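Heavy atoms only: backbone and side chains are in, while hydrogens, waters and symmetry mates are out. Note that the numbering runs from 1 along the sequence shown for the chain.
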Amino acid sequence: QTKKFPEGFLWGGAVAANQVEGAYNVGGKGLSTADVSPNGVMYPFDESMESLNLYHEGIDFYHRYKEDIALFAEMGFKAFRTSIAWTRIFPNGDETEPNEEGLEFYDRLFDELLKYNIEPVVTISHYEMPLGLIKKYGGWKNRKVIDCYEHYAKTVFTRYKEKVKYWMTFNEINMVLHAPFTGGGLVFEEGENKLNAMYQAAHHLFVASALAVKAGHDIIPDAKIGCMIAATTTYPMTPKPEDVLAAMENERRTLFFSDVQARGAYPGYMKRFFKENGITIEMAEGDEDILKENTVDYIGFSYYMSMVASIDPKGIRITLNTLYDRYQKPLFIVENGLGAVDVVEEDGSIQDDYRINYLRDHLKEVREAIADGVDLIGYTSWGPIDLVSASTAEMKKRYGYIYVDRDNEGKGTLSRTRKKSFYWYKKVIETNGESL
């Protein structure tokens, strides 16, 4: 049995703009949902600007990108995933002409990656929609936001047609059902049906993402535009059929989104979920054909852990087989890693064997799924450089191969230090997985 990955396997790492860039008020950039969520997406927003918001400065990737990308190339990154800040291109979100200072920055960022022959993997919207679209239109429950996103998608497609070939429309559309403010820009007014508004926004997100696939293929002929779901691999606690159906239903909570994005239609099991609840979804004629004629090219997904219904490296092999068996389309692991507390030794090093073990075991199981015949484009671990966490807007939960001197209260020199996992991953990419 081979120990090497497929040739051309896209090794690398993944971040999001609002989690590393900083410079939140530079170059005319508008306020995003992250800019008013100083305690993470999992906690209520706050527009007072009275508390410390680590997203405002991040790790200053906006100013330190040349050194950080040089560190990604030192590990031999074949690909690098990040997001284009929607607010940098459209501060309020509904402008007719884009912001030239925002587009020029991503010219410099994408040029820097291509200096080291690193493939950019660009998420178009990643938990950072303009706050102006929330106050003006009410978020993704308004059909006008589709036009703003399509305009935004078309703008970045034409601007980077020669530089970016791998795109993802939305990062985890399902987030609209768990954090409606970040997922779809929603707040529930008096008497407003909550489930209706969320699934109404999910439909607009579905249609807007399909329009971006159509626009992306038209503007960039060789582009591969993919979806992004957070894998919810769930095992039944007991062999009782009620728990087997429970695990199946929890897995369907995410497969519904990849069903619409990859297969092109609302699956049948959603007709009764909408009926047995009070959920009615206003739908325009021709939306069904837009969803079906512009399915995504690949299925990007994240994986961190298994779940039960009543740390797991083998579960990522189950997830890869389950997704590929259902859709028969190329997959892409776009987020995976271990968040943990780092300790800087007296000599300045970081001995993160705990993070090496997680990544090594999960990649050994990824190689097994490839041996099972799964079509996998690449693997970008989450936050190759320490970033501000999405859930709580913190630094203590570190994912990186590179340590950033910044703590939860914003203190620190912001210097970068190679962890022990930095050199371990450098050898993994060098041997194409043979050193695992």
Run the salt-bridge test on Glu74 and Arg418 with the 4.0 Å N-O cut-off and return the result as yes or no. yes
Please enumerate all residues that pass side chain to side chain donor-acceptor pair (under 3.5 Å) together with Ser37, with sequence neighbours excluded. none
Over 60° means perpendicular and under 30° means parallel, so classify the ring planes of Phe332 and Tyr166, tilted if in between. perpendicular
With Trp86 as reference, evaluate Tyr106, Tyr149, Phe170 under the ring pair (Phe, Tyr, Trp, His ring centres under 6.0 Å) test and give the passing residue. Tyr149
Looking at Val366, is its backbone amide N or carbonyl O close enough to the side chain of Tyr379 to form a donor-acceptor pair, meaning the two atoms are under 3.5 Å apart? no
Separation between CG (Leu113) and CZ (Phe110), nearest 0.5 Å, reads 7.5 Å
Kindly determine whether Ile356 and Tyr425 satisfy side-chain contact (heavy atoms from CB on, under 4.5 Å), including the steps that lead there. CA-CA 8 Å; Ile356 290 183; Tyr425 201 45; over 6 Å; no
Is the side chain of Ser258 donor-acceptor paired with the backbone N or O of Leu255 at a distance under 3.5 Å, no angle test? yes
Do the side chain of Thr431 and the main chain of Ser435 share a donor and acceptor less than 3.5 angstrom apart? yes
Quick one: do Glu21 and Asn18 satisfy side-chain hydrogen bond (donor to acceptor under 3.5 Å, both in side chains)? Show the steps, please. CA-CA 6 Å; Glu21 279 186 359; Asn18 73 85; over 6 Å; no
Let me see the working for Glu345 and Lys420 under salt bridge (charged side-chain N to carboxylate O under 4.0 Å, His left out), right down to the final yes or no. CA-CA 12 Å; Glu345 311 284 346; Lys420 184 175 177 183; over 6 Å; no
Has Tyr354 got more than 12 heavy atoms of other residues, nucleotides or ligands less than 6.0 Å from its OH? yes
Restricting to pairs with a member in residues 201-211, which pass salt bridge (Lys or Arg N to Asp or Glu O under 4.0 Å), not counting sequence neighbours? none
Under 3.5 Å, is there a donor on one side chain and an acceptor on the other for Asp312 and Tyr304? no
Set out, in order, the CA-CA distance, both residues' side-chain angles and the distance that settles salt bridge (charged side-chain N to carboxylate O under 4.0 Å, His left out) for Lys397 and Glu394, then state yes or no. CA-CA 7 Å; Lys397 192 181 59 166; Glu394 286 188 353; over 6 Å; no
In this structure, which one of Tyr401, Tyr403, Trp424 forms a side chain to side chain contact (heavy atoms under 4.5 Å, CB included) with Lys419? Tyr403
Sole residue of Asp352, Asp386, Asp407, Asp405 in salt bridge (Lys or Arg N to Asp or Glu O under 4.0 Å) with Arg398: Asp386
Does any N or O in the side chain of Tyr62 come within less than 3.5 Å of the main-chain N or O of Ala17, such that one atom is a donor and the other an acceptor? no
Decide, yes or no, whether a salt bridge links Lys426 with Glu430 under the criterion of side-chain N to carboxylate O below 4.0 Å. no
Under 3.5 Å side-chain donor-acceptor pair for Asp259 and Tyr327: yes
Salt bridge (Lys or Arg N to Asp or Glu O under 4.0 Å): which pairs involve residues 177-186, sequence neighbours left out? none
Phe80 and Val121: side-chain contact (heavy atoms from CB on, under 4.5 Å), yes or no, with the steps? CA-CA 6 Å; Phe80 180 68; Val121 189; over 6 Å; no
From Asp218 CG over to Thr158 OG1, what is the distance, rounded to the nearest 0.5 angstrom? 11.5 Å
List in chain and number order the residues that pass side-chain contact (heavy atoms from CB on, under 4.5 Å) with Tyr116, two or more places apart in sequence or in another chain; answer none if no residue qualifies. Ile69, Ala70, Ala73, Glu112, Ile118
If you measure only the distance, is there a donor-acceptor pair under 3.5 Å linking the side chains of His178 and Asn174? yes
Return the CD to CG distance between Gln19 and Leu387, rounded to the nearest 0.5 Å. 5.0 Å
Does the gap between the ring centers of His203 and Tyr199 come in under 6.0 Å? no
Give a yes or no on this: more than 12 heavy atoms of other residues, nucleotides or ligands lie within 6.0 Å of atom CD of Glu104. yes
What class does the angle between the rings of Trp11 and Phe5 fall in, given that below 30° is parallel, 30 to 60° is tilted and above 60° is perpendicular? tilted
Using every non-hydrogen atom in the two residues, find where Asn408 and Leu54 come nearest and quote the distance to one decimal. O-CD1, 3.6 Å
Within the distance-only criterion (no hydrogens, no angle test), does the side chain of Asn321 pair as donor or acceptor with the backbone N or O of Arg317 below 3.5 angstrom? yes
If the condition is side-chain contact (heavy atoms from CB on, under 4.5 Å), which residues does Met49 pass it with, not counting sequence neighbours? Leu31, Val36, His56
Check ion pair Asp35-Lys29 (N to O, under 4.0 angstrom): yes
Determine whether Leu436 and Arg360 satisfy the following criterion, side-chain contact (heavy atoms from CB on, under 4.5 Å), listing intermediate values before the conclusion. CA-CA 6 Å; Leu436 285 170; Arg360 184 204 56 246; 4.1 Å; yes
Is there a donor-acceptor pair under 3.5 Å between the side chain of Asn357 and the backbone N or O of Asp353? yes
If only side-chain N and O atoms count, and only distance matters, is there a donor-acceptor pair under 3.5 Å linking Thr123 with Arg81? yes
Centre of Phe105's six-membered ring, under 6.0 Å away, within 45 degrees of the axis: is that where NZ or CZ of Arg88 sits? yes
Does any donor atom in the side chain of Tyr358 or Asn336 lie under 3.5 Å from an acceptor atom in the other side chain? yes
Side-chain donor-acceptor contact under 3.5 Å, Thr33 with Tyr127: no
Audit row: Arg143, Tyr137, side-chain contact (heavy atoms from CB on, under 4.5 Å) steps and yes/no: CA-CA 9 Å; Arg143 268 198 95 89; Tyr137 303 99; over 6 Å; no
Counting distance only, does the side-chain N/O of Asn99 pair as donor-acceptor with the main-chain N or O of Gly102 below 3.5 Å? yes
Does NZ in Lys329 sit with more than 12 non-hydrogen atoms of other residues, nucleotides or ligands closer than 6.0 Å? yes
Answer with yes or no whether the side chains of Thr319 and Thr322 bring together a donor and an acceptor at under 3.5 Å. no
Do the rings of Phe256 and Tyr266 sit parallel, tilted or perpendicular, given the 30° and 60° boundaries? tilted
Taking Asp46 for the side chain and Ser48 for the main chain, is one N or O donor matched with an acceptor at less than 3.5 Å? yes
Polar contact flag, side-chain donor to acceptor under 3.5 angstrom, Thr232-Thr234: no
Salt-bridge contact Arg406-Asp60 (side-chain N to carboxylate O under 4.0 Å): no
To check you understand the geometry: which heavy-atom pair defines the closest contact between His63 and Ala23, and what is its length? CE1-CB, 4.3 Å
Looking only at non-hydrogen atoms, find the nearest pair between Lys154 and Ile219 and report the distance. O-CD1, 4.0 Å
Could you give the distance from CD (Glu128) to OG (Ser32), rounded to the nearest 0.5 Å? 6.0 Å
Quick one: list whatever passes side-chain contact (heavy atoms from CB on, under 4.5 Å) with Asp111, sequence neighbours left out. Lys163
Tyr55 side-chain N/O to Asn39 backbone N/O, donor-acceptor pair under 3.5 Å: no
